[PDB]
Structure formats: C-alpha cells, structure tokens
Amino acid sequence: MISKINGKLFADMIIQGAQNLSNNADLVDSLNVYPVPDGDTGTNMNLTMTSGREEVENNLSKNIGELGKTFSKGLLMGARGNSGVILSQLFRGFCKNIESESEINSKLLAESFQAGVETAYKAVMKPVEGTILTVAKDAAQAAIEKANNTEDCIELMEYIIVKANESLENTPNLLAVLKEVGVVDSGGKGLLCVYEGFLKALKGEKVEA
C-alpha cells in the first residue's frame, strides 16, 4: 500500500518511467507513422524525459512540489518533437498542480493527471484524437473515477495503466493512418511506457536497465 507520495517516491517514479521509456525507445520509434513517418517518437520522448530525469537526479528533495518544479524545468528545457513538447506540457500541468505540497494522496495524484491533460490540450493549437492526448485524457478520467474509492496509489496506478492501454489500443479507431498501417499511436505508447515505470517505482521496484 502507498497512501502518500513524497518527493523521493515521485523522483523514483520519474527515474523508473524514464528508464522504461528508454528501454522501449526503439519500439516506439518503429511505430511512428503520424504526422510524418520519420521514425523518431521514441527518441524524441526519451531525450525529453532524460532531461527531466537528469535534473531530478541532481536535485532530489523530500518535498514533492519542489521536486516537481525541478522535473518540470528539465522537461521544458529539453523538449524534442511534437511528442516531447506534449510530454513536457502534460507534466508541467501535473507538477504545477502539486507545487505547494510536500506529499500527495491518491485523489491529488488523479487531479494532477487531469491538470496535465488540460495544460497539454491548451498548448496544442489543433489537437487531434487518437494520439498521446487521447491516451492521457482517458488515463486521467480513469484516475479520477478510481481514486474516489481507492486510497492505495499502487491499485490506482494499476487501474490507470489498464485504462490507458485500452485507450491506446483504440487509437487506430480514431486516426485513419494508424488503422491503415496497423499500429497504435507512438506518442501514446511512449506515455504508457512512462506510466508503467511509475507503477514499478510505487511498488518499490526498479526497471532493468
């Protein structure tokens, strides 16, 4: 059980999320067909997440709000590609939501996923569905619903991942090129990789490098 997430647990979630995305960067690159099939979503997201991870690793804190400012700054100064910019905006909104907190419970975690979705949609001038935005939105809606009756952040994150994966598997039904080529959205897949790392960290586990 995880009732509260402090700054070091959040840092662990960042580090293991980044490692899991790094492990899967070639896989995510291989799916990248939209907007242009230039095969770089995984690399772009990996480089972005790595910039946030390095800032965090060099400036740890027990205070989740302070650690979030560090992570957010690292992403925003290292964003690469459409996918990396969107990832940085998703977590800018997440981190802004907890800026004054030292630790957060499952309800505030869910509210922070939702705040990130709102920030990222506002940052994209013409949002398209079937994308990283769709997956993030469906994950956040799942988070809000589950957290209402679920104190344990491990159980919450497991549910978020189940529902995020259902949304990811549905992305070809929203975006024609995905169904025509036969792939799920690369940006959403990269985000799922980060969320899977989040769960490993909540369990006190490490992603194999």
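Residues carry their position along the shown sequence, with the first being 1.
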- Task: Just grab whichever of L168, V33, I64, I161 has the top CA B-factor as deposited.
- Result: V33
- On the chain's distribution of Cα B-factors, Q19 falls within the third called lowest
- Once the chain's modelled residues are ordered by C-alpha B factor and cut into thirds, is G39 in the lowest, middle or highest one? highest
- Among modelled residues of the same chain, the CA temperature factor third for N97: lowest
- Query: If you rank every modelled residue in this chain by C-alpha B factor, which third holds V124: lowest, middle or highest?
  - Reply: middle
- Could you look up the Cα B-factor of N173 in the entry and say which third of the chain it sits in: lowest, middle or highest? lowest
